[PDB]
Amino acid sequence: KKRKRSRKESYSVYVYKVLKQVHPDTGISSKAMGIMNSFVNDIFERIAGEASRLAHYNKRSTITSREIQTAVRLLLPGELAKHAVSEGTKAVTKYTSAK
Amino acid sequence: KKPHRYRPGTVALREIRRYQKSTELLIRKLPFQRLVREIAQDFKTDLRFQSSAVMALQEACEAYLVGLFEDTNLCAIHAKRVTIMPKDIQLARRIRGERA
Amino acid sequence: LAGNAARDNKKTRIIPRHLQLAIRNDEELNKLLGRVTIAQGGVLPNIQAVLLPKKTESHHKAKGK
Amino acid sequence: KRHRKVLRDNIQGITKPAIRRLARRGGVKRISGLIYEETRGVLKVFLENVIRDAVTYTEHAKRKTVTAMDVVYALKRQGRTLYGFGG
Amino acid sequence: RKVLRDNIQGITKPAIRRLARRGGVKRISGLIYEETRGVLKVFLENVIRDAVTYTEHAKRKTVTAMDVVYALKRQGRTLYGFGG
Amino acid sequence: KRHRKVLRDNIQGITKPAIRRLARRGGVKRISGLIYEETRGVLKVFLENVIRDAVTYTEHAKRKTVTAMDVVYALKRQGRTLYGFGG
DNA sequence: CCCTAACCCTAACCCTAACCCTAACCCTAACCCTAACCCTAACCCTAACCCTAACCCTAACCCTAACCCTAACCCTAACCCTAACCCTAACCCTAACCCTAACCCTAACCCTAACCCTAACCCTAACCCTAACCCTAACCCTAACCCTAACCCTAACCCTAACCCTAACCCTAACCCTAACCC
DNA sequence: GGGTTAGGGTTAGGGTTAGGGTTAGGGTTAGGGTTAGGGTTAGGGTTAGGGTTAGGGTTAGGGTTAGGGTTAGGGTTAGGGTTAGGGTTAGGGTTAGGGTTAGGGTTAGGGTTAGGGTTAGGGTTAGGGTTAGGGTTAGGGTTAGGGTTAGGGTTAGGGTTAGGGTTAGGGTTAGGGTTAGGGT
């Protein structure tokens, strides 16, 4: 509402941009935004979740890049893992060069 | 296929094919509003249900029930029978692990 | 509940099995620890009735009449 | 006025045809007669279990209204995970 | 040498019966013995592939008992005892 | 339209003083603490049983009122003959 | 006090047992044969009751180090109008879904009879168990060490959000292939 | 076999339904610094392991033959398929009014430090009592017969009983006075 009301946060703007790159001239209904926005907010709490425990067992106090690579190897399944461990390193490579 | 009679068990295959291809809820909304309200009385009184809460409960309860029937069916076809029965529901619940 | 099941087997120590016969014989402690497997434990005795010997002469042989 | 409250006839509110349309989506071909009372027993245990955890979250917040982000937070713990009717 | 066949013919026919007479089964058909070597090589593959992943994270070359107690805990079957 | 409370008196009114007044007629000298929940479990399985037979006679006459002669007729069958409350 | 639903005489019209009367089945008391079942004389388990003797749990020690009270601190959850909305009212029709009742037609369920195929044994020919019998390859614990990741600043800018708007998604009519009719 | 009765892709016409900018704020972040914590290096004491030293004892094999369980293939019938009206009934809406709650301004309340100041937990032992094989020493499960005898069939001739003639009271359904069980 607008009576000095709070503003929610949604990964809905970002999903629309991805839809455009993979398939041009196609649209999403607002009911289908709701199923998709929940998935992006559920994979965040499983991939981050295994990372917290992995840090504690080792005794180390920081969740760095190696930890979000062991979590992707364990939580995800078979060939959606090799294609996602590889994709992530490529984006970390570019950021190290420039920010 | 005189409209007067189609042999037993042939109207239902048309029913299965048409029903599996649409998503509308199959239990009526006003009666299910009440079952939830009666079950809530024991846990507390003066509880007010927003419209969405009785919608979610309809889309989870239909989904548990649609599933038990597919597993009851798999059990029935095992014994050489072609019909679900009261005994078959209990084997599906012991194996899935819910009853204990 | 474990200790009371050690007197019944005539021993003075709560060893690992006596722990299963007390967490698998209860109805509010077998619905909490219901997936856990206890090391070097065992199984609770049960034989389904249909199998127990009761074929009653079996039959189909040379008319026992 | 509204001088009546909800009795316990509701559990028979699910009709005989509704359990014959949620079972024809399941593949069932010849439903037997006694199934209708049993399917009103399996639904009856389930609706209470999502409900007790739903009320327990609401009383934590000292409110009086069971909003859907409470049903969705109860349904995750038991086992399922409804995505959609909630955030 | 870990002769492939020898390792799986290791769960021999007597011990695929005595692990099943602890469940109640009274008569066992001949082909149960082949299928039950199949379902204990697709269970060990899943437990021993998630103990290697934790071991590599700590840069160690020995698979300790605690790691197997953490591989089993994830898949829904906690083990109490041979670990802490 | 509805008394907000629908508790229909949940085995209530049998307060600690009432159970400590009936017991003293009996001869009890030092009532223990846990008895109060149990004595609200024995009264409960009795008030139901006289009642189930009492309604069963009234529905036989098709009337909608449970008169005292119906309670005296039900109490004879179980075993205790109340003399005179109804006659 | 203040009332609305309950009762109870009453008053009339069929429904519905009773009584009777032959005339039929059905179910009793006898009457043999036939097979369940208890006894029996074996064989193979199954505890019960002692006796070790040995293999550890349970008492002792010391020591060192995570707990803990008194001092200053400072986020932070405490109560209260308040607007404002959103959810329950008893407000209200209405045709499309529940029922239902008489019906056929497959299935669910038994009997017998072949007939494979698993279970109990005995002979044997190993393989896995121990006593361990070395050695050495990773495992952890100091020192020390930059490199990184936090913490306040500050100045943009990039993300909601209500406001429009028209365009793909809708019921709805009208008119063709496509299987059950079953030889 | 039938010519057969059965639905299934198109399509105007409103009626919503995501698109679509568009400022307009509204938080959020991307720039700037310092500074302390944390992973990362090196060395040395010490546990998997493998590799033959051997050995013994179960133990998992192979054959074989009754036993038995199973799965077929015929005799009888329970959930299908109508049907359409009528009794609900769950929908399409109303106001409308009150119930509740996210927006605010102030105080318990939990780290925090910190150097002592301990006390209780963690190793760290040698003695107690050992607790589970083994050898006797009496009780129970199977295994499979044989001789009775106690049921499970039969008839036929009485003893009920069902059906088919026959009547009128003991119940119904409204219809009044009358009252008494909630409801404050």
# chains A, B, ... in the order shown; residues from 1 in each chain; ligands from 1
call {"tool": "closest_atom_pairs", "arguments": {"of": "chain H", "to": "chain B", "cutoff": "8 Å", "atoms": "only C-alpha atoms (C1' of nucleotides)", "output": "tab-separated table"}}
result
residue	atom	partner	partner_atom	distance
H:5	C1'	B:1	CA	6.5
H:80	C1'	B:8	CA	4.8
H:81	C1'	B:8	CA	5.6
H:82	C1'	B:4	CA	7.1
H:90	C1'	B:30	CA	6.6
call {"tool": "write_last_selection", "arguments": {"atoms": "N, CA, C and O atoms (P, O5', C5', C4', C3', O3' and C1' of nucleotides)", "output": "short mmCIF file (atom, residue, chain, number, x, y, z; two decimals), in the first residue's frame"}}
result
data_model
loop_
_atom_site.label_atom_id
_atom_site.label_comp_id
_atom_site.auth_asym_id
_atom_site.auth_seq_id
_atom_site.Cartn_x
_atom_site.Cartn_y
_atom_site.Cartn_z
P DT H 5 -27.20 -44.53 -36.67
"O5'" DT H 5 -26.98 -43.59 -35.40
"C5'" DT H 5 -26.71 -44.14 -34.09
"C4'" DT H 5 -25.39 -43.64 -33.57
"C3'" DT H 5 -25.40 -42.21 -33.00
"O3'" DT H 5 -24.38 -42.16 -31.99
"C1'" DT H 5 -23.83 -42.32 -34.65
P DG H 80 -17.69 -48.01 -10.30
"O5'" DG H 80 -18.53 -48.01 -11.66
"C5'" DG H 80 -17.87 -47.82 -12.92
"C4'" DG H 80 -18.40 -48.80 -13.94
"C3'" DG H 80 -19.25 -48.18 -15.04
"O3'" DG H 80 -18.43 -47.79 -16.14
"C1'" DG H 80 -20.17 -50.27 -14.27
P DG H 81 -18.75 -46.45 -16.95
"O5'" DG H 81 -20.22 -46.70 -17.51
"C5'" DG H 81 -20.43 -47.21 -18.84
"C4'" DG H 81 -21.91 -47.41 -19.10
"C3'" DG H 81 -22.70 -46.12 -19.34
"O3'" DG H 81 -23.35 -46.15 -20.62
"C1'" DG H 81 -23.78 -47.51 -17.72
P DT H 82 -23.96 -44.81 -21.25
"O5'" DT H 82 -25.52 -44.99 -21.02
"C5'" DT H 82 -26.31 -43.93 -20.46
"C4'" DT H 82 -27.70 -44.43 -20.16
"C3'" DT H 82 -28.76 -43.33 -20.03
"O3'" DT H 82 -30.00 -43.78 -20.61
"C1'" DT H 82 -28.69 -44.58 -18.04
P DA H 90 -23.03 -26.25 -1.24
"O5'" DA H 90 -21.78 -26.15 -2.21
"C5'" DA H 90 -21.85 -26.64 -3.56
"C4'" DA H 90 -21.81 -25.50 -4.56
"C3'" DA H 90 -20.81 -24.39 -4.24
"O3'" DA H 90 -20.08 -24.04 -5.42
"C1'" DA H 90 -22.96 -23.47 -4.57
#
call {"tool": "calpha_fit_and_write", "arguments": {"fixed": "chain F", "moving": "chain D", "output": "compact mmCIF listing (two decimals) with C-alpha atoms, in the first residue's frame"}}
result
# COMPACT_ATOMS: atom_id res chain seq x y z
CA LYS D 1 -27.36 -11.77 20.02
CA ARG D 2 -26.11 -15.08 21.58
CA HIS D 3 -23.39 -15.56 18.89
CA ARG D 4 -21.56 -18.35 20.81
CA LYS D 5 -22.08 -22.08 21.52
CA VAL D 6 -20.84 -24.35 24.36
CA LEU D 7 -17.10 -25.21 23.89
CA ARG D 8 -15.42 -28.22 25.54
CA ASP D 9 -14.08 -26.34 28.67
CA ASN D 10 -16.98 -27.86 30.58
CA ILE D 11 -15.09 -31.05 31.65
CA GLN D 12 -12.74 -28.78 33.67
CA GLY D 13 -15.87 -27.03 35.00
CA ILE D 14 -15.84 -29.40 37.94
CA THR D 15 -13.46 -27.27 40.11
CA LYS D 16 -10.56 -28.48 42.29
CA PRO D 17 -12.57 -27.75 45.54
CA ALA D 18 -15.74 -29.65 44.40
CA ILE D 19 -13.72 -32.95 44.05
CA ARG D 20 -12.37 -32.15 47.56
CA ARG D 21 -15.92 -31.90 49.01
CA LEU D 22 -17.31 -35.10 47.32
CA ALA D 23 -14.31 -36.95 48.70
CA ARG D 24 -14.52 -35.61 52.27
CA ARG D 25 -18.04 -37.12 52.45
CA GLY D 26 -16.37 -40.36 51.39
CA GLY D 27 -13.96 -40.58 54.32
CA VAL D 28 -10.84 -39.46 52.30
CA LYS D 29 -8.36 -37.53 54.54
CA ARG D 30 -5.30 -36.47 52.39
CA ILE D 31 -6.26 -36.28 48.67
CA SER D 32 -3.16 -36.58 46.40
CA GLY D 33 -2.49 -33.98 43.66
CA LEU D 34 -2.88 -36.11 40.49
CA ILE D 35 -6.40 -37.39 41.46
CA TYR D 36 -8.16 -34.28 40.06
CA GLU D 37 -7.50 -35.18 36.38
CA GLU D 38 -8.48 -38.89 36.92
CA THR D 39 -11.84 -37.95 38.61
CA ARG D 40 -12.60 -35.87 35.51
CA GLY D 41 -12.08 -39.05 33.48
CA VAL D 42 -14.41 -41.36 35.51
CA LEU D 43 -17.26 -38.75 35.53
CA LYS D 44 -16.72 -38.14 31.78
CA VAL D 45 -17.30 -41.80 30.73
CA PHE D 46 -20.37 -42.10 33.04
CA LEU D 47 -22.23 -38.96 31.86
CA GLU D 48 -22.02 -40.18 28.22
CA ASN D 49 -23.34 -43.71 28.99
CA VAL D 50 -26.55 -42.55 30.83
CA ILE D 51 -26.88 -39.97 27.96
CA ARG D 52 -26.68 -42.32 24.95
CA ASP D 53 -29.46 -44.57 26.31
CA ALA D 54 -31.49 -41.41 27.25
CA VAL D 55 -31.39 -39.98 23.67
CA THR D 56 -32.18 -43.48 22.25
CA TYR D 57 -35.48 -43.61 24.15
CA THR D 58 -36.44 -40.01 23.08
CA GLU D 59 -35.84 -40.67 19.35
CA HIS D 60 -38.12 -43.71 19.69
CA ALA D 61 -40.98 -41.35 20.57
CA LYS D 62 -39.95 -38.91 17.79
CA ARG D 63 -39.93 -36.00 20.21
CA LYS D 64 -37.13 -33.44 20.73
CA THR D 65 -37.18 -33.08 24.55
CA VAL D 66 -35.36 -35.48 26.98
CA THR D 67 -37.84 -35.62 29.97
CA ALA D 68 -36.76 -37.18 33.33
CA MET D 69 -38.84 -40.36 32.99
CA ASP D 70 -36.29 -41.06 30.16
CA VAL D 71 -33.21 -40.58 32.44
CA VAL D 72 -34.92 -42.83 35.13
CA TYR D 73 -35.65 -45.52 32.45
CA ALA D 74 -31.98 -45.41 31.28
CA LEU D 75 -30.45 -45.49 34.79
CA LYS D 76 -32.38 -48.72 35.70
CA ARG D 77 -30.81 -50.73 32.81
CA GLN D 78 -27.18 -49.74 33.44
CA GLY D 79 -27.40 -50.76 37.15
CA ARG D 80 -28.62 -48.10 39.64
CA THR D 81 -32.31 -47.25 40.24
CA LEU D 82 -32.92 -43.63 41.23
CA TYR D 83 -36.16 -43.56 43.27
CA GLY D 84 -37.71 -40.13 43.55
CA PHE D 85 -36.84 -37.66 40.77
CA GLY D 86 -39.34 -39.41 38.54
CA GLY D 87 -42.33 -41.74 38.71
call {"tool": "interface_residues", "arguments": {"of": "chain G", "to": "chain E", "cutoff": "12 Å", "atoms": "only C-alpha atoms (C1' of nucleotides)", "output": "PyMOL selection string"}}
result
chain G and resi 117-119+127+137-139
call {"tool": "interface_residues", "arguments": {"of": "chain H", "to": "chain C", "cutoff": "12 Å", "atoms": "only C-alpha atoms (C1' of nucleotides)", "output": "number ranges by chain"}}
result
H: 67-69, 130-132
call {"tool": "write_last_selection", "arguments": {"atoms": "N, CA, C and O atoms (P, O5', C5', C4', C3', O3' and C1' of nucleotides)", "output": "compact mmCIF listing (two decimals), in the first residue's frame"}}
result
# COMPACT_ATOMS: atom_id res chain seq x y z
P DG H 67 7.49 -86.76 0.06
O5' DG H 67 7.24 -85.20 0.25
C5' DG H 67 8.29 -84.35 0.77
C4' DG H 67 7.95 -82.89 0.56
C3' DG H 67 6.46 -82.54 0.57
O3' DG H 67 6.33 -81.32 1.32
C1' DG H 67 7.44 -81.75 -1.42
P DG H 68 4.94 -80.90 1.97
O5' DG H 68 4.77 -79.40 1.48
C5' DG H 68 5.92 -78.68 0.98
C4' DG H 68 5.53 -77.77 -0.16
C3' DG H 68 4.06 -77.35 -0.19
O3' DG H 68 3.98 -75.98 -0.57
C1' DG H 68 4.68 -78.17 -2.27
P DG H 69 3.13 -74.95 0.30
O5' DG H 69 3.62 -73.54 -0.25
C5' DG H 69 4.83 -73.44 -1.03
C4' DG H 69 4.53 -73.01 -2.45
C3' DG H 69 3.27 -72.16 -2.64
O3' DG H 69 3.54 -71.25 -3.71
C1' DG H 69 3.17 -73.99 -4.06
P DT H 130 31.64 -60.18 40.83
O5' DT H 130 32.20 -60.03 39.34
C5' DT H 130 31.34 -60.14 38.20
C4' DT H 130 31.71 -59.11 37.15
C3' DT H 130 31.86 -59.67 35.74
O3' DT H 130 31.52 -58.68 34.76
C1' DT H 130 33.79 -58.55 36.31
P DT H 131 30.02 -58.12 34.64
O5' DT H 131 29.81 -58.03 33.06
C5' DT H 131 30.91 -58.18 32.15
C4' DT H 131 30.84 -59.49 31.40
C3' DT H 131 29.43 -59.96 31.01
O3' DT H 131 29.49 -60.53 29.70
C1' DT H 131 30.51 -61.65 32.23
P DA H 132 28.21 -60.49 28.74
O5' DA H 132 28.69 -61.33 27.48
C5' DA H 132 30.09 -61.46 27.16
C4' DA H 132 30.58 -62.86 27.45
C3' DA H 132 29.86 -63.98 26.69
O3' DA H 132 30.81 -64.76 25.93
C1' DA H 132 29.99 -64.50 28.97
call {"tool": "atom_distance", "arguments": {"atom1": "atom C1' of residue H:48", "atom2": "atom CA of residue E:40"}}
result
26.3 Å
call {"tool": "residues_around", "arguments": {"residues": "residue A:73", "least_positions_apart": "4", "cutoff": "9 Å", "atoms": "only C-alpha atoms (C1' of nucleotides)", "output": "list in words"}}
result
residues 68, 69, 77, 78, 81, 82 and 85 of chain A; 53 of chain E
call {"tool": "write_last_selection", "arguments": {"atoms": "N, CA, C and O atoms", "output": "short mmCIF file (atom, residue, chain, number, x, y, z; two decimals), in the first residue's frame"}}
result
data_model
loop_
_atom_site.label_atom_id
_atom_site.label_comp_id
_atom_site.auth_asym_id
_atom_site.auth_seq_id
_atom_site.Cartn_x
_atom_site.Cartn_y
_atom_site.Cartn_z
N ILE A 68 30.97 -22.52 -2.25
CA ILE A 68 29.75 -22.53 -3.10
C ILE A 68 30.03 -23.43 -4.31
O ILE A 68 29.16 -23.48 -5.17
N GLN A 69 31.22 -24.04 -4.42
CA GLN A 69 31.47 -25.03 -5.51
C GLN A 69 31.22 -26.45 -4.99
O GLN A 69 30.73 -27.27 -5.78
N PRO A 77 22.02 -32.40 -9.43
CA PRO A 77 22.14 -33.81 -9.76
C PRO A 77 23.31 -34.27 -10.64
O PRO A 77 24.40 -34.20 -10.16
N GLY A 78 23.07 -34.70 -11.88
CA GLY A 78 24.17 -35.28 -12.68
C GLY A 78 24.78 -34.35 -13.70
O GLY A 78 25.88 -33.84 -13.44
N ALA A 81 25.05 -30.43 -13.26
CA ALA A 81 26.10 -30.02 -12.30
C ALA A 81 27.36 -29.63 -13.06
O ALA A 81 27.91 -28.58 -12.75
N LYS A 82 27.81 -30.47 -14.00
CA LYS A 82 29.05 -30.19 -14.77
C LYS A 82 28.83 -28.93 -15.59
O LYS A 82 29.76 -28.13 -15.69
N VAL A 85 28.89 -25.96 -12.65
CA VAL A 85 30.20 -25.68 -12.00
C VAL A 85 31.09 -24.96 -13.02
O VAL A 85 31.74 -23.98 -12.62
N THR E 53 33.50 -36.09 -1.80
CA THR E 53 33.39 -34.63 -2.01
C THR E 53 33.74 -33.87 -0.74
O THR E 53 34.45 -32.88 -0.85
#
call {"tool": "select_by_dssp", "arguments": {"residues": "chain F", "states": "helix (DSSP H, G or I)", "output": "number ranges by chain"}}
result
F: 16-26, 35-61, 68-78
call {"tool": "interface_residues", "arguments": {"of": "chain G", "to": "chain B", "cutoff": "8 Å", "atoms": "only C-alpha atoms (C1' of nucleotides)", "output": "PyMOL selection string"}}
result
chain G and resi 87+105-106+180-181
call {"tool": "closest_atom_pairs", "arguments": {"of": "chain A", "to": "chain D", "cutoff": "10 Å", "atoms": "only C-alpha atoms", "output": "JSON lines"}}
result
{"residue": "A:10", "atom": "CA", "partner": "D:87", "partner_atom": "CA", "distance": 9.5}
{"residue": "A:31", "atom": "CA", "partner": "D:84", "partner_atom": "CA", "distance": 7.7}
{"residue": "A:32", "atom": "CA", "partner": "D:84", "partner_atom": "CA", "distance": 8.4}
{"residue": "A:33", "atom": "CA", "partner": "D:84", "partner_atom": "CA", "distance": 8.8}
{"residue": "A:34", "atom": "CA", "partner": "D:84", "partner_atom": "CA", "distance": 5.2}
{"residue": "A:35", "atom": "CA", "partner": "D:84", "partner_atom": "CA", "distance": 4.8}
{"residue": "A:36", "atom": "CA", "partner": "D:84", "partner_atom": "CA", "distance": 8.3}
{"residue": "A:37", "atom": "CA", "partner": "D:87", "partner_atom": "CA", "distance": 8.2}
{"residue": "A:38", "atom": "CA", "partner": "D:83", "partner_atom": "CA", "distance": 6.1}
{"residue": "A:39", "atom": "CA", "partner": "D:83", "partner_atom": "CA", "distance": 7.5}
{"residue": "A:41", "atom": "CA", "partner": "D:87", "partner_atom": "CA", "distance": 9.0}
{"residue": "A:42", "atom": "CA", "partner": "D:83", "partner_atom": "CA", "distance": 9.3}
call {"tool": "write_last_selection", "arguments": {"atoms": "C-alpha atoms", "output": "PDB file, in the first residue's frame"}}
result
ATOM      1  CA  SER A  10      11.318  -9.528  -5.955  1.00  0.00           C
ATOM      2  CA  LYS A  31       0.749 -16.367 -12.146  1.00  0.00           C
ATOM      3  CA  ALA A  32       3.882 -17.844 -13.831  1.00  0.00           C
ATOM      4  CA  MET A  33       6.039 -15.130 -12.328  1.00  0.00           C
ATOM      5  CA  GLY A  34       4.924 -16.428  -8.883  1.00  0.00           C
ATOM      6  CA  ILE A  35       6.097 -20.053  -9.486  1.00  0.00           C
ATOM      7  CA  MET A  36       9.419 -18.785 -10.997  1.00  0.00           C
ATOM      8  CA  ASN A  37      10.179 -16.119  -8.340  1.00  0.00           C
ATOM      9  CA  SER A  38       9.751 -18.794  -5.617  1.00  0.00           C
ATOM     10  CA  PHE A  39      12.171 -21.207  -7.323  1.00  0.00           C
ATOM     11  CA  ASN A  41      14.320 -17.973  -3.724  1.00  0.00           C
ATOM     12  CA  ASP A  42      14.362 -21.707  -2.892  1.00  0.00           C
TER      13      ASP A  42
END
call {"tool": "residues_around", "arguments": {"residues": "residue G:63", "least_positions_apart": "6", "cutoff": "12 Å", "atoms": "only C-alpha atoms (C1' of nucleotides)", "output": "list in words"}}
result
residues 119, 120, 121, 122, 123 and 124 of chain H
call {"tool": "closest_atom_pairs", "arguments": {"of": "chain A", "to": "chain E", "cutoff": "8 Å", "atoms": "only C-alpha atoms", "output": "tab-separated table"}}
result
residue	atom	partner	partner_atom	distance
A:58	CA	E:58	CA	6.9
A:66	CA	E:57	CA	8.0
A:70	CA	E:53	CA	7.0
A:73	CA	E:53	CA	7.9
A:74	CA	E:50	CA	6.9
call {"tool": "atom_distance", "arguments": {"atom1": "atom CA of residue B:80", "atom2": "atom CA of residue B:100"}}
result
27.0 Å
call {"tool": "interface_residues", "arguments": {"of": "chain A", "to": "chain G", "cutoff": "12 Å", "atoms": "only C-alpha atoms (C1' of nucleotides)", "output": "MDAnalysis selection string"}}
result
chainID A and resid 1:14 26:27 29 62 64
call {"tool": "write_last_selection", "arguments": {"atoms": "N, CA, C and O atoms", "output": "compact mmCIF listing (two decimals), in the first residue's frame"}}
result
# COMPACT_ATOMS: atom_id res chain seq x y z
N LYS A 1 0.86 -1.21 0.00
CA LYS A 1 0.00 0.00 0.00
C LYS A 1 0.89 1.24 0.00
O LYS A 1 2.11 1.08 -0.04
N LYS A 2 0.28 2.43 -0.02
CA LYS A 2 1.07 3.69 -0.09
C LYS A 2 0.84 4.55 1.15
O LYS A 2 1.14 5.75 1.08
N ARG A 3 0.29 3.98 2.24
CA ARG A 3 0.17 4.79 3.49
C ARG A 3 1.48 4.67 4.25
O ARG A 3 1.46 4.06 5.33
N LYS A 4 2.58 5.24 3.72
CA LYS A 4 3.93 5.09 4.32
C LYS A 4 4.23 3.60 4.39
O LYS A 4 4.94 3.20 5.32
N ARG A 5 3.72 2.81 3.43
CA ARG A 5 3.85 1.33 3.53
C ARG A 5 5.20 0.80 3.05
O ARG A 5 5.87 1.51 2.28
N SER A 6 5.56 -0.42 3.47
CA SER A 6 6.87 -1.03 3.13
C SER A 6 6.95 -1.49 1.67
O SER A 6 5.89 -1.73 1.07
N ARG A 7 8.17 -1.60 1.14
CA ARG A 7 8.38 -2.00 -0.27
C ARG A 7 9.01 -3.39 -0.29
O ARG A 7 10.07 -3.56 0.32
N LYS A 8 8.38 -4.35 -0.97
CA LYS A 8 8.88 -5.75 -1.04
C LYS A 8 10.02 -5.86 -2.04
O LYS A 8 10.19 -4.93 -2.84
N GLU A 9 10.79 -6.95 -1.99
CA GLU A 9 11.87 -7.16 -2.98
C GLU A 9 11.61 -8.45 -3.77
O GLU A 9 11.42 -9.50 -3.14
N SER A 10 11.64 -8.36 -5.10
CA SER A 10 11.32 -9.53 -5.95
C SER A 10 12.37 -9.68 -7.05
O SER A 10 12.79 -8.65 -7.59
N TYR A 11 12.78 -10.92 -7.36
CA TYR A 11 13.69 -11.14 -8.50
C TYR A 11 12.79 -11.32 -9.72
O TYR A 11 12.96 -12.34 -10.39
N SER A 12 11.87 -10.39 -9.97
CA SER A 12 10.92 -10.50 -11.11
C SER A 12 11.40 -9.67 -12.29
O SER A 12 11.21 -10.11 -13.43
N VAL A 13 12.00 -8.53 -12.03
CA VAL A 13 12.58 -7.75 -13.15
C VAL A 13 13.66 -8.60 -13.80
O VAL A 13 13.63 -8.74 -15.04
N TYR A 14 14.52 -9.23 -13.01
CA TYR A 14 15.66 -9.98 -13.60
C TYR A 14 15.16 -11.16 -14.44
O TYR A 14 15.73 -11.39 -15.51
N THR A 26 8.44 -13.72 -26.68
CA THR A 26 7.56 -14.60 -25.86
C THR A 26 7.35 -13.93 -24.50
O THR A 26 8.28 -13.23 -24.04
N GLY A 27 6.18 -14.12 -23.88
CA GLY A 27 5.90 -13.41 -22.62
C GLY A 27 5.52 -14.34 -21.48
O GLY A 27 5.24 -15.52 -21.76
N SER A 29 2.96 -14.86 -17.92
CA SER A 29 1.77 -14.41 -17.15
C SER A 29 2.19 -14.09 -15.72
O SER A 29 3.25 -14.58 -15.32
N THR A 62 34.74 -18.41 7.13
CA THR A 62 34.29 -17.62 5.95
C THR A 62 33.63 -18.50 4.88
O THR A 62 34.17 -19.58 4.62
N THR A 64 33.66 -18.72 1.37
CA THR A 64 34.33 -18.23 0.13
C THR A 64 33.93 -19.04 -1.09
O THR A 64 33.12 -19.94 -0.92
call {"tool": "interface_residues", "arguments": {"of": "chain E", "to": "chain C", "cutoff": "10 Å", "atoms": "only C-alpha atoms", "output": "number ranges by chain"}}
result
E: 22-27, 73, 76-83
call {"tool": "interface_residues", "arguments": {"of": "chain B", "to": "chain C", "cutoff": "10 Å", "atoms": "only C-alpha atoms", "output": "count of residues only"}}
result
4
call {"tool": "atom_distance", "arguments": {"atom1": "atom CA of residue A:61", "atom2": "atom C1' of residue G:148"}}
result
13.6 Å
call {"tool": "decode", "arguments": {"residues": "stretch 24-31 of chain F", "atoms": "N, CA, C and O atoms", "output": "compact mmCIF listing (two decimals), in the first residue's frame"}}
result
# COMPACT_ATOMS: atom_id res chain seq x y z
N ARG F 24 -14.41 -35.85 50.57
CA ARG F 24 -14.47 -35.78 52.06
C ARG F 24 -15.73 -36.48 52.58
O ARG F 24 -15.66 -37.03 53.68
N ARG F 25 -16.83 -36.45 51.85
CA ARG F 25 -18.02 -37.23 52.26
C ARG F 25 -17.57 -38.68 52.24
O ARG F 25 -17.94 -39.41 53.14
N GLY F 26 -16.77 -39.07 51.27
CA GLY F 26 -16.37 -40.48 51.12
C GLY F 26 -15.57 -40.98 52.29
O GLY F 26 -15.78 -42.13 52.68
N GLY F 27 -14.69 -40.16 52.84
CA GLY F 27 -13.81 -40.64 53.92
C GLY F 27 -12.37 -40.30 53.62
O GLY F 27 -11.55 -40.49 54.53
N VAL F 28 -12.07 -39.78 52.42
CA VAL F 28 -10.67 -39.49 52.00
C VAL F 28 -10.09 -38.40 52.90
O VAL F 28 -10.81 -37.44 53.15
N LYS F 29 -8.85 -38.54 53.36
CA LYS F 29 -8.28 -37.54 54.30
C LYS F 29 -7.23 -36.64 53.63
O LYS F 29 -7.24 -35.44 53.94
N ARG F 30 -6.37 -37.17 52.75
CA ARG F 30 -5.23 -36.41 52.16
C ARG F 30 -5.22 -36.51 50.63
O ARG F 30 -4.25 -37.06 50.12
N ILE F 31 -6.20 -35.96 49.93
CA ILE F 31 -6.28 -36.16 48.46
C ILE F 31 -4.96 -35.79 47.79
O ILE F 31 -4.45 -34.73 48.12
